[PDB]
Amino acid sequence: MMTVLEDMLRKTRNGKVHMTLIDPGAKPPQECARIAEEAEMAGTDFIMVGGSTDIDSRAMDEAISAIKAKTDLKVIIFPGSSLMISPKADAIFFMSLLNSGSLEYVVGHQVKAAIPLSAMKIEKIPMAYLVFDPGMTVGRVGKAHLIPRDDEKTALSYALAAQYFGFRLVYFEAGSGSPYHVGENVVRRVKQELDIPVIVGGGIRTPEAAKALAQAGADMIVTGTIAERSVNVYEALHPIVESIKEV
């Protein structure tokens, strides 16, 4: 059985990946499952679960099981400060907010969660989490020293340090519900010098933005707000997934 990381590396070697992020604290459990259902048929590759609204540990296990019961896609935990570790998920982004001003979001929370994670068979995927302007809630809670959306040099420094630290993915985060996404010149410049896949999330609502970011060099595209706030998830996500595969 292929791991999620092997799956991503294979899918991104000559293609692009779309991922659907679902905030379990923003909707009831079976509403989350319906979103993941329609996301799967829109063509999404993985379901991400996480967000800013704080979670009940009893409630997140419900939403993950509801998603895995209605879909056959792998579910990856997109963790926050809440120690959102649950045994019912397939993988977890073991991430570090590299440009945070607080040790707790760079290494602190991850060290506390390490031993409990070692007791689970959940897959641990090392990922660098870079928060760009405007950052929204995650940039506020994470105490992020926000990278300007067009700052190629600062993004390159963090992305290169991520690769040299051994991280297998790097995530360019503009913040959930951000009006702007990360600049394409930043994605373009980093893709010239980096050997690990680049994931872009935050502010991607339209196929045109998803395609422009993929054409800029982004290997994976994450959409969260546009999937949780559309009354028909399929007709919102399907054109985004399609425009990404054109690249």
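Numbering starts at 1 and runs along the sequence shown.
*Asks:* I need to verify one thing: averaged over C-alpha atoms only, is the B-factor higher for 195-203 or for 55-63?
*Replies:* Higher mean C-alpha B-factor in the PDB entry: 55-63.
*Asks:* Between 69-77 and 157-165, point out the one with the higher average CA B-factor as the PDB entry records it.
*Replies:* According to the entry, 69-77 carries the higher average C-alpha B-factor.
*Asks:* Hey, out of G142, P126, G135, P87, whose CA B-factor is highest in the deposited coordinates?
*Replies:* Comparing C-alpha B-factors across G142, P126, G135, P87, the top value belongs to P87.
*Asks:* Sort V182, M48, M220, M41 by C-alpha B-factor from the entry and give me just the highest.
*Replies:* Top of the list by C-alpha B-factor: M41.
*Asks:* Please rank the C-alpha B-factors of the chain's modelled residues and tell me whether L97 sits in the lowest, middle or highest third.
*Replies:* Answer is lowest: the recorded C-alpha B-factor places it there.
*Asks:* Classify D150 as lowest, middle or highest third according to the C-alpha B-factor given in the PDB entry, relative to its own chain.
*Replies:* Highest third - that is where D150 ends up once the chain's C-alpha B-factors are sorted.
*Asks:* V231's Cα B-factor: lowest, middle or highest third of the chain?
*Replies:* Highest third of the chain for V231's C-alpha B-factor.
*Asks:* Would you mind checking where the Cα B-factor of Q110 ranks among the modelled residues of its chain, as the lowest, middle or highest third?
*Replies:* Within its chain, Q110 is a lowest-third residue by C-alpha B-factor, going by the deposited values.
*Asks:* What third of the chain does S82 rank in for C-alpha temperature factor, lowest, middle or highest?
*Replies:* Highest third, going by the recorded CA B-factors of the chain.
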